[PDB]
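One structure is given below, encoded as structure tokens.
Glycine gets a Cβ as well: all are built from the backbone with ideal geometry, and neighbour counts include every protein chain shown. Derivation of every value follows stated rules applied to the coordinates shown; laboratory data play no part.
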Amino acid sequence: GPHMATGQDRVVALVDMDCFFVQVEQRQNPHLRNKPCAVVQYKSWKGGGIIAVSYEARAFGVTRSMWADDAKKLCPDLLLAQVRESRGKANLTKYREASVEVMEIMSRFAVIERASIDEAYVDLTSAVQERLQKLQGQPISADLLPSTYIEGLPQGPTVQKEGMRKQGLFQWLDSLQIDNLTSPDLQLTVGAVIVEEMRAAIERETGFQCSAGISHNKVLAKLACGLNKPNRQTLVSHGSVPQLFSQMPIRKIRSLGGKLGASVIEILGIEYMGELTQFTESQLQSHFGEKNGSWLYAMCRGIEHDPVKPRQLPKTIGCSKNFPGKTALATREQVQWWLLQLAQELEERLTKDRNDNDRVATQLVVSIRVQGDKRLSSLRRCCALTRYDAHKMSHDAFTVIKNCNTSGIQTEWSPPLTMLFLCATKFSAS
DNA sequence: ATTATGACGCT
DNA sequence: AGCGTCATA
Ligand SMILES: [Ca+2]
Ligand SMILES: [Mn+2]
Ligand SMILES: [Mn+2]
């Protein structure tokens, strides 16, 4: 009872941009705004591969991973924007730079953890405490939460969407104890007020809309964020977790979308996150290991302790290209040319990074895939990265992989290469 | 013939 | 270190 940790010590948010690469292209080209549209890379093979889709286009059934030619079958008026191509490959610089815009705004409010190109976690615990003492114990108006959903509400004893949102919010605010500076529900609510402000700032200063989740930890904040996309934010309280989890497929929780999650389902014979509560911590540890078992035992009760890491910049800078089917590299001159292409983009990004961020990478990782291998990567070798020079890096990369050539002829490369990857790692302050 | 990334876990 | 898992546009 009195000693049962409830994992309600923190306020954590996850902010995720809506249809992010699409919004980047729509800002640039006003003709794409408020239209079914998607972002595509390459074009020759089946119209190119879709990597982002506007909500108008999702209404037609267009999804990520779809070939654009196939997407056009569902949505003949689908508009497309192409990823830039430089040095023979897709170049994602525009989206990386747009990401920096958003991350710098978020950093004004709190320490952030960059979790992807389009999302970051925020630990708002301290900011909430500050805002609470500022408020001087006066109630929180619904007007301060104009885009917030309270998950699980309304409930108990209007047929429009916005009507339902306000009803739930009213019920929530009506129940709040604003006299208690330590009530977790109140702390989450103030957290949500700050996130409204953060999200307003992002939209004002970039033109980009986003969604957000506010809860007591990262996993719940991430889950919350997706519940009412686009352009809305969702508060998932500790108390909302039993009902929420009672019909929540296990694969929906971050880190359980793959083999581990499938094993939880198969081994335990369950489907929903809430069903995990019936197992002892030792039982879960027996099946899924010490770390996973403890994590599952607490997570199915809404509790997780993974900190928001103070890290706004990516830890690695990498350049990758596939060479599918018949385009696989079968000559040494081919392999060397593409290593140079990759190394030149890497040099460009590394030099910008050194100037912007006062650091230098010290290790070069080289990875390849060979025709036939189901694995995404076939071989990964590291060497020293001592100078930001594309010609040196590409020569070094070749040196570390050249023994993979099974061909007796050194001019030929066998078996052909279907992927090259160069990654700079192990940064030090400079 | 989704592709281009990027973090973190295991041994 | 090299490999695997899981994740996101
Ligand atoms: Ca997003
Ligand atoms: Mn995202
Ligand atoms: Mn997505």
Give the long-range amide H neighbours of A:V12: residues separated by 5 or more places, or on another chain, with amide H under 5 Å away, using H modelled in the peptide plane at 1.01 Å from N. A:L124, A:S215, A:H216, A:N217
Filtered trypsin sites (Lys or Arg not before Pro), region A:98-145: DSSP coil and at most 12 other beta carbons within 10 Å: A:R108
Förster radius 56 Å - calculated FRET efficiency between A:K35 and A:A429 (Cβ-Cβ, nearest 0.05): 0.80
So if I take the alpha carbon set of region A:179-227, get Rg, then get Rh from the Kirkwood formula, what is the Rg over Rh ratio? 1.05
Taking only C-alpha pairs under 8 Å that are 6+ residues apart, what is the relative contact order of region A:310-394 in percent? 30 percent
Calculate the radius of gyration of the Cα atoms of region A:218-340 to one decimal place, then report Dmax, the largest Cα-Cα distance, as a whole number, both in Å. 20.6, 62
With θ set to phi - 60°, apply the Karplus curve 6.51 cos²θ - 1.76 cosθ + 1.60 along region A:15-30 and write out the HN-Hα couplings as whole Hz, x wherever there is a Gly or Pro. 9, 10, 5, 6, 5, 4, 5, 5, 4, 4, 6, 6, 4, 6, 10, x
What does the charge add up to near A:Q167, with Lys and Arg as +1, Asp and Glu as -1, over the other residues with Cβ less than 14 Å from its Cβ? 0
Mind giving me the FRET efficiency for A:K161 and A:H395? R0 is 51 Å, r the Cβ-Cβ distance, nearest 0.05 is fine. 0.30
Under the rule of at least 5 residues apart or a separate chain, name every residue whose amide H is placed under 5 Å from the amide H of A:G47. A:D69
Between A:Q28 and A:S116, 0.36 nm times their residue separation minus their Cα-Cα distance comes to what? 29.5 nm
FRET efficiency, A:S286 to A:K352 (Cβ-Cβ, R0 60 Å, nearest 0.05): 0.75
Rg(Cα) of chain A divided by 2.2 N^0.38 Å? 1.12
Name the residues whose placed amide hydrogens come within less than 5 Å of the amide hydrogen of A:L379, ignoring near sequence neighbours (fewer than 5 apart) on the same chain. A:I368
Calc'd 3J(HN,Hα), region A:344-359, phi into Karplus 6.51 cos²θ - 1.76 cosθ + 1.60 (θ = phi - 60°), Hz, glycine/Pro = x, comes to 5, 5, 4, 4, 4, 6, 5, 5, 4, 5, 5, 5, 7, 10, 6, 8
Once normalised by the length of region A:250-307, the mean sequence separation of its alpha carbon contacts under 8 Å that are 6 or more apart gives a contact order in percent of 24 percent
20 Å tail of the calculated P(r), region A:250-307, as % of Cα pairs: 10 percent
Quick check: the distance between the Cα centres of region A:228-280 and region A:9-62, to the nearest angstrom? 27 Å
Quick P(r) readout (region A:326-402; Cα-Cα; 5 Å bins; whole %) gives 3, 14, 23, 24, 17, 10, 6, 2, 0
